[PDB]
Amino acid sequence: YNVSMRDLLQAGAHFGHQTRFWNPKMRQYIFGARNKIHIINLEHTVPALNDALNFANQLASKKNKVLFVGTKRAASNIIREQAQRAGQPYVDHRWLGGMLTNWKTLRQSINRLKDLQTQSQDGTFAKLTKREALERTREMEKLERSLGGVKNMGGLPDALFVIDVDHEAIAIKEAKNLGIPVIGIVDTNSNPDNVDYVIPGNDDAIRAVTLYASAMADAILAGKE
RNA sequence: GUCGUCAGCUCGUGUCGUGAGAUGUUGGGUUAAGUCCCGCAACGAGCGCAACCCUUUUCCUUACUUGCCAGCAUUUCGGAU
């Protein structure tokens, strides 16, 4: 399942953001800049990606759940599809402060979501009048939109696959506080200090995101054989 | 009594500060109203608001006197009988 390099060039991980927004901590990975924007070297990206995929394979074999976190408007659909394929909890939408920091409070929210889903399945929804009917349908919509992905999950994930660290900065901080490992994609503008596993490459390109998510999903599938 | 029929008040869990503390109630629409919806280190529960109470507007069921008079009958033509 290793990308082997050419797929990375064709996907376009080489591109990066403009120089003026560069983070000084990426200097080791910048290598050079062909044009005004920076060009990252995939020579370091490949081995780091392989190591991250191997660690994900080991965790999948151990059966511990891995949580995917990618929220960029371009990456939402791709990460949702890949997470559904892998059969793992996902957070496609905006991060809500306390997915991991305060799990006990989210227990009640997901319990109520499941209860209202059971209500919809049962005839009680039909028994209730139309105004309440639309109110609780709208409630279903809202909490399914907010916490739909993590409904199945019952325990904190053993690893966090983060698409874009500076964007989803809160998630990395919570993961560091808890001690849960984070494997993440980082670009030139972001800071890698708090990422346990760093695979540096472009994330804006929908097609690079598709490549990365497909690789992770393939590793998850290979796990458990 | 009054501000004043003014719209605010409280409290549960995590995060930021060495700390007293802060974050919920802030932002944009909307309403008689922190009423309702979009925003987002926040997450939801209670008291205030509203509704539950009395009266008025159309119709239905029970009730037919001491209240009523469409149909009928007698009339000192007055529902008087």
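Sequence lines set the chain letters: A, B, ... in the order given, protein chains first and strands last, and positions in each chain run from 1. Hydrogens, waters and symmetry mates play no part in the numbers below; they use all other heavy atoms, side chains included.
- Summarising the geometry, atom NZ belonging to A:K65 is positioned 10.0 Å from atom CD1 belonging to A:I220; distances are rounded to the nearest 0.5 Å.
- Separation of the P atoms belonging to B:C11 and B:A51 is 29 Å when rounded to the nearest angstrom.
- Legend: residues meeting salt bridge (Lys or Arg N to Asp or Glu O under 4.0 Å) with A:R85, ordered by chain and number and at least two apart, are A:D218.
- Adjacent nucleotides B:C52 and B:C53 fail the stacking criterion: their six-membered base rings are not both under 5.5 Å apart at the centres and under 30° between the planes.
- For the pair A:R107 and A:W103, the cation-pi test (distance below 6.0 Å, angle within 45°) is passed.
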key: Test log, rule side chain to side chain donor-acceptor pair (under 3.5 Å), inputs A:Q119 and A:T124   = CA-CA 6 Å; A:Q119 290 179 17; A:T124 56; 5.2 Å; no

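- For the pair B:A42 and B:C43, the rule of 5.5 Å between ring centres and 30° between base planes classifies them as stacked.
- Under the side chain to side chain donor-acceptor pair (under 3.5 Å) criterion, A:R112 pairs with A:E139, not counting sequence neighbours.
- Across all strands shown, nothing is found opposite B:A63 as a Watson-Crick or G-U wobble partner with both distances under 3.5 Å.
- Here B:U18 and B:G19 show stacked bases; the six-membered rings are centred less than 5.5 angstrom apart and their planes meet at under 30°.
- Using bins of under 30°, 30° to 60° and over 60° for the plane-to-plane angle, the ring pair A:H44/A:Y29 lands in the perpendicular bin.
- A gap of 8 Å separates the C1' atoms of B:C37 and B:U30, to the nearest Å.
- A stacking criterion of 5.5 Å and 30° is met by the six-membered base rings of adjacent nucleotides B:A50 and B:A51.
- The same atom, P, is picked in B:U25 and in B:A41; the two are 13 Å apart, to the nearest Å.
- North puckering is assigned to the sugar ring of B:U56, since its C1'-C2'-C3'-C4' angle is above zero.
- In this structure, B:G78 shows a glycosidic angle within 90 degrees of zero, which is the syn conformation.
- For A:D204, the salt bridge (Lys or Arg N to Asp or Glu O under 4.0 Å) criterion is met by A:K72, not counting sequence neighbours.
- Rounded to the nearest Å, the gap between the P atom of B:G4 and that of B:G8 is 14 Å.
- The closest side-chain donor-acceptor pair between A:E81 and A:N77, if any, does not fall under 3.5 angstrom.
- Within the 6.0 Å centre-distance limit, the rings of A:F68 and A:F161 are counted as a close aromatic pair.
- Searching all strands for a Watson-Crick or G-U wobble partner of B:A42 with both distances below 3.5 Å returns B:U13.
- Taken residue by residue, residues 161-185 of chain A places heavy atoms nearer than 4.0 Å to RNA chain B at A:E174, A:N177.
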key: Nucleotide-resolved protein contact map, nucleotides 32-37 of chain B, B/S/- at heavy-atom distance under 4.0 Å   = -----S

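- Nucleotides B:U23 and B:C43 have their P atoms positioned 14 Å apart, rounded to a whole Å.
- Side-chain polar atoms of A:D203 and A:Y212 form no donor-acceptor pair below 3.5 angstrom.
- The pentose of B:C59 is categorized as north (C3'-endo side) on the basis of a positive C1'-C2'-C3'-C4' torsion.
- Between B:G21 and B:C16 there is a base pair of the Watson-Crick or G-U wobble kind, both of its two distances falling under 3.5 Å.
- B:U81 and B:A73 make up a base pair, with Watson-Crick or G-U wobble contacts both under 3.5 Å.
- Of the nucleotides present, B:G8 is the one that pairs with B:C47 by Watson-Crick or G-U wobble criteria, both distances under 3.5 Å.
- Adjacent nucleotides B:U57 and B:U58 miss the stacking criterion of ring centres closer than 5.5 angstrom and planes inclined by less than 30 degrees.
- Taking atom P in both B:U26 and B:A7, one finds a spacing of 14 Å when rounded to whole Å.
- Remark: the A:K25 side chain and the A:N191 side chain contain an N/O donor-acceptor pair separated by less than 3.5 Å.
- The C1'-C2'-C3'-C4' torsion of B:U61 is positive, so its sugar falls on the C3'-endo, or north, side.
- Taking a 4.0 Å limit (strictly below) on heavy-atom distances, residues 93-108 of chain A reaches RNA chain B at A:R94, A:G97, A:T101, A:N102, A:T105.
- Nucleotide B:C40 carries a south sugar; the sign of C1'-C2'-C3'-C4' is negative.
- Judged by distance alone, the side chain of A:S190 and the main-chain N or O of A:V186 form no donor-acceptor pair under 3.5 Å.
- When the pucker is read from the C1'-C2'-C3'-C4' torsion, the sugar belonging to B:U13 turns out north, on the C3'-endo side.
- If you check the side chains of A:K36 and A:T19, you find a donor sitting under 3.5 Å from an acceptor.
- Remark: the separation of the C1' atoms in B:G46 and B:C60 is 43 Å, to the nearest Å.
- On the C1' atoms, B:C49 is 16 Å away from B:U10, given to the nearest whole Å.
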